[PDB]
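So the structure is just underneath, and the comments pick up after that.
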Amino acid sequence: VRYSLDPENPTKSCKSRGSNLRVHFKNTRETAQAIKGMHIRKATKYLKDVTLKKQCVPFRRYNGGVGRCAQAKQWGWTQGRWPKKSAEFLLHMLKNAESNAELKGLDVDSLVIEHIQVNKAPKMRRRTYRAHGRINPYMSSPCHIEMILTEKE
Amino acid sequence: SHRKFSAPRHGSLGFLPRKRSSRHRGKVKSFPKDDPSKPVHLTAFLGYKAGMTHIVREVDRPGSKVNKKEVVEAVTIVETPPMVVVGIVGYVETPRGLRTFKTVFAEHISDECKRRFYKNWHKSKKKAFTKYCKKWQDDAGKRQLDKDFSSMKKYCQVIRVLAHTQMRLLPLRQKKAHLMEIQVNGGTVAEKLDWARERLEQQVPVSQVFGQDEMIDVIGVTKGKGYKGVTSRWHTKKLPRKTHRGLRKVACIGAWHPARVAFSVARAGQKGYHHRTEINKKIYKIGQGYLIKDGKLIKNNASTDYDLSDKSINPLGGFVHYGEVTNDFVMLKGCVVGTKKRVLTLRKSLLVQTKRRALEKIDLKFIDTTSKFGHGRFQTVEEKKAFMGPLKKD
RNA sequence: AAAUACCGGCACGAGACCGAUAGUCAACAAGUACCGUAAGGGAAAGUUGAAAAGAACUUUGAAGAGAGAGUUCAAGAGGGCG
RNA sequence: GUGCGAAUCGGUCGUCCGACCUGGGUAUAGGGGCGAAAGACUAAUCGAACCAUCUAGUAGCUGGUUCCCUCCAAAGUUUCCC
RNA sequence: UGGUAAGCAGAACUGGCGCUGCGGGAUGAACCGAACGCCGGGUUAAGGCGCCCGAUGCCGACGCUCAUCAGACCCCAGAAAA
RNA sequence: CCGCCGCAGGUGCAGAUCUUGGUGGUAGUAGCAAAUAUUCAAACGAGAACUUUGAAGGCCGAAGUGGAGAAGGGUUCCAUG
RNA sequence: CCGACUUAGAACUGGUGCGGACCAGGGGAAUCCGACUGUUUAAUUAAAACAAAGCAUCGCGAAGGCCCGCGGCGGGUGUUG
RNA sequence: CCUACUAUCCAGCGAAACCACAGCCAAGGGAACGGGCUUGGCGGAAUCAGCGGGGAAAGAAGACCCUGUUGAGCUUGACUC
RNA sequence: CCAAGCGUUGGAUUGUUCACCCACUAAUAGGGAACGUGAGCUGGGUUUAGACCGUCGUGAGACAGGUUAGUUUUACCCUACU
RNA sequence: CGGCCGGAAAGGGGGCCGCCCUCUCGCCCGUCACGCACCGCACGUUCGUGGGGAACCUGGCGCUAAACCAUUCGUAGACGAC
């Protein structure tokens, strides 16, 4: 593996990663942007509220048609969703990350999400059948996720 | 080519931004023009629409076919408990308009008024006007309060007074009182501000402001109808039945080549909940509140001079979707603007009234207090009992 | 008979030719897969590394997947990988 | 009407013992068949099916026609021509 | 020359645009000035010089005209009899 | 793998509704609406609006959404994972 | 002694409702066209178009009339008259 | 005015046509109907539901008309068989 | 003459624009906006393919003659407007 | 230096007196000598205790709040908003 950003020093950081993860890229990039400037215990509490529909994720770049909610005003925005599977997929990663921290001998009550990045994975093809004997693509849009934590206050 | 047959427009372009009015309380856009000839008075009031009922009276207008006969008129009851004055606000006449000069508030403000300066009253600490109210308990604090007045009869020209509602008394859910700037019209600025300070922290009933047979103007936001279509909103012609995509719309929204859609073409959007100002609403009578003398509560508000019976203006089952009218009320002619319970700004007339219809004198024979929660028959509980005899419950 | 002709067939030798969208349709399980009732039509598709030395073991998870170790000049070559 | 569908669905309709409806077997083949006749049907193809070859058919007509610098630089007029 | 006339159809002569930028005409294939290698100084043409906008911010000259539709620059962009 | 002197050409792309492959914006959008209808508990399980068992409420209503064949399909049959 | 389905009539009765849901023809005076039933452009025309029975001519007594076939002591009508 | 199924908001899943660059107007001139140019109006992030004025919107190298020394189906008193 | 602020209608026959008549009325003035306006409708008229009649043609067919039946697609993009 | 009086069209920093207050200088002619006299040279000299922001000191005086979500309402409502 070769991550995007090296950790500022490799003693205070643990990394976690997952390739070909089958979530919507345009939902996971928005929930991975919301989670970026947080303490890890804040992040686990936050994604739990996104699962139970208690705090929204502000859709900023991929916001085409995305509806308007009352829980996006705390982000200073208009449009928000509660993407369940993206919350579940980079919560499993947070649990793997704080597993790596305990094994690498860190204060796990102090880890801050320094860098988190969601790329596009290779698409997977299947077919929809449309009017007048035509077949159109029905392709899934999976994503690679990588993240680096760092112990602080 | 040209329009084949001439028709008028659908709807007015005078009320054109057909959007939800950002205010819930009716703002007085224009207070009536004053002259220092008259004695000092309030020019507006804040009432609550309770509901509607019949009236029967003998009409005096000579020459007409309704002269010396009886009629039946729709009347609207607006419950109006006495309003409390909490502050005075100065205005100065500027070349850019008319600028607020100096506000001075009273020492004691009731929590019902205080609620207006909060969204989350439960979570709050009620700390508003804790350090302002100090300025009456001190010698040095006084010597700003006293010079804030001397500056306002020297420089300031238009004087308005800050009234609020006694929502404590009203049968609604809400307790958060409505504040309202009411312009003190009448005599000179010294006479006006000496009056307003004496009336500070006191109550003003409706007999002070509005008389009887007085043409007033009612200001209120209309009843909301949500997102309505073009034939629902603008009341255009419906298209005839065989139309493929939809028959409930305007067909052509403009020519080719003024190549944009004009502001005058009838589209779909928000209908109702618009700020409106109907004029010439004749007051028939001002009732009395639920007094307690002798121990015995008197409630014969709707007792006229041709009934003599002890029925309230409350009909059987009170007013539907409002509640029980216990306070002093006003009773105008016909329909007024907005829902049941709706806060309603009653203002004095902008015009002069020199007609027969305007100076007509009212003499109510009968007030209907039959149930409005169905096709009611009985005026009073004693009528229904005397008619229907005893029941199984008895 | 001999001298002449020969894009089929069996075997060879060569080239100022092409170098995997080129050169045969076919460098590979190609007249293959697939399509058409049939006559017929007809593809795509080469490369880890010198050597599998193809990642024991610890650890998180239901698992895909990771984090450390480890092999190699190199995984910034990890099985469709110059 | 980017369909449920390269002709379908709903209501409402025509006929319902006869010139009726229908499965299999069988005969007719491309300037040919078959047609209670619409140039209709002949495998989503019909005023001449489908497949391969002649064949890279011909086009006074459309469209394109790939590096730089310097030097010279036009014509839309005469006569004859299905 | 034909046509009431046409930003119409057809000729002679010379000059242009097409094949050609540049300064002026606010704008514009053809008008007016003038034709171009890459630059500095000077000065002109045709047009300009209230402000946009380089230049009259001259103590410019002499008259004319008041418009409740003033007037204001080749081609040229809206007028007559009276 | 290249310089110089000669030699040879399938020798230079922005366009051809160019060929082949690859990726955008639209867009987390259109949409996932024909034929009445779902619900409470328990089990197995890491995980249940959808599996399975029970209980209820329903539909097909013998020209059936039921039991058997013909043509066509070719292991789709059955058990266990 | 043993009966299985009808039919007609009467009394009383209900808030005049009673083929109570479902099933289930609107009618009349004419004009044009084609007799009628039947058929037709599958995927824009179901019609007054085609057909039709009835009517009327034309050909031929077989080595023949009408038609097929590259060919023939070849073939269809014809197991006909 | 009422009902059902949508549209609408959410979890999960998730295409397509189309697209020089793109996208606010009045007049001027211009291939005589400008989103871009000239002179004026003027110009405030990111967006949701709608709507059908405009993009001389999409669709398909006009099925009308003409030309081509391009054809085909049919006809006959065309020419040659 | 100043003067476009507000009006300028309901019907019989016709696909009609136009026409003409009935009735009402203050009055029943004339026009433009791609001869406003089909992803707004409609499809009566024209103007494909089926058929009938009349005139013309030897015929196939023709009619600026009459007649009847004849598929009206897409917005989820940018702007405009709400 | 503390008070004595004004300022509202976009309040504006000033006028005047006492005393608390300390010189006898300040302005203008003439003597008296001095200061990196930096050896011909460029952004010199100001309004500047400017504007805007991260922070570190050392003193006092002072203050302990509301918004949004979540819940509820139904005068409101596609969703937001209210």
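Listed in order, the protein sequences are those of chains A and B.
Residue numbering for the first sequence follows the UniProt record's numbering, starting at 2 and increasing by one per position.
Residue numbering for the second sequence follows the UniProt record's numbering, starting at 2 and increasing by one per position.
Ideal Cβ positions, reconstructed from N, Cα and C, are used throughout, including at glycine.
For residue i, three-class secondary structure by DSSP
i           : result
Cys-144/A   : strand
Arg-144/B   : helix
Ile-284/B   : coil
residue 1/B : As shown, chain B starts at 2 and ends at 395. That puts residue 1/B outside it, with no answer to give.
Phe-90/A    : helix
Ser-20/A    : strand
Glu-94/B    : strand
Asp-369/B   : coil
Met-153/B   : coil
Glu-9/A     : coil
Residue nearest to residue i in terms of C-alpha spacing, selected from the options
i         : options                                   : result
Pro-33/B  : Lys-362/B, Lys-349/B, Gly-390/B           : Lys-349/B
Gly-290/B : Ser-208/B, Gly-27/B, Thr-232/B, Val-266/B : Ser-208/B
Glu-9/A   : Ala-33/A, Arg-131/A, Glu-115/A            : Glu-115/A
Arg-249/B : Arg-268/B, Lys-115/B, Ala-260/B           : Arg-268/B
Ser-152/B : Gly-142/B, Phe-102/B, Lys-143/B           : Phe-102/B
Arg-357/B : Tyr-274/B, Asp-112/B, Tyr-49/B, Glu-215/B : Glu-215/B
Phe-330/B : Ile-284/B, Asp-308/B, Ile-254/B           : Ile-284/B
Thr-223/B : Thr-340/B, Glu-361/B, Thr-81/B, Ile-293/B : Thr-340/B
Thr-77/B  : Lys-132/B, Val-86/B, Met-53/B             : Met-53/B
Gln-145/B : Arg-116/B, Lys-115/B, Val-105/B           : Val-105/B
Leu-170/B : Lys-5/B, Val-72/B, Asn-328/B, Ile-299/B   : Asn-328/B
Burial state of residue i (16 or more Cβ within 10 Å)
i         : result
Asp-218/B : buried
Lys-312/B : buried
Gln-380/B : buried
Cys-336/B : exposed
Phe-90/A  : buried
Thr-95/B  : exposed
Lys-27/A  : buried
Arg-174/B : exposed
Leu-112/A : buried
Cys-57/A  : buried
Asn-137/A : exposed
Rounded separation between residue i and residue j - CA only
i           : j         : result
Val-2/A     : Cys-144/A : 16 angstroms
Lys-226/B   : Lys-46/A  : 41 angstroms
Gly-270/B   : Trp-122/B : 35 angstroms
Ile-149/A   : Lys-13/A  : 10 angstroms
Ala-51/B    : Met-389/B : 30 angstroms
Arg-246/B   : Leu-163/B : 55 angstroms
residue 1/A : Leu-92/A  : Limits of chain A in this structure are 2 at one end and 154 at the other, which puts residue 1/A out of reach.
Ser-141/A   : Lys-74/A  : 32 angstroms
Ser-125/B   : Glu-113/B : 14 angstroms
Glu-182/B   : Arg-161/B : 6 angstroms
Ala-45/B    : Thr-237/B : 38 angstroms
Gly-273/B   : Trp-235/B : 12 angstroms
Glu-199/B   : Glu-192/B : 11 angstroms
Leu-17/B    : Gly-230/B : 16 angstroms
Proximity test, residue i beta-carbon vs the ligand SAM heavy atom, cut-off 7 angstroms
i         : result
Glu-152/A : Among the ligands in the structure shown, none appear at all, so the ligand SAM cannot be discussed.
(request) Give a yes or no on contact between the segment 34-52 of chain B and the segment 186-198 of chain B, applying the rule of three or more CB pairs nearer than 8 angstroms. (result) These segments touch.
(request) Give a yes or no on contact between the segment 313-332 of chain B and the segment 254-271 of chain B, applying the rule of three or more CB pairs nearer than 8 angstroms. (result) Counting Cβ pairs under 8 angstroms, fewer than three are found: no touch.
(request) Count the CB pairs spanning the segment 74-90 of chain A and the segment 40-59 of chain A that are closer than 8 angstroms, and state whether there are at least three. (result) Counting C-beta pairs with one atom in each stretch, the segment 74-90 of chain A and the segment 40-59 of chain A have three or more that are closer than 8 angstroms, which means they touch.
(request) Decide yes or no for the touch test of the segment 18-36 of chain A against the segment 117-131 of chain A: beta carbon pairs closer than 8 angstroms, at least 3 of them. (result) Counting Cβ pairs under 8 angstroms, three or more are found: they touch.
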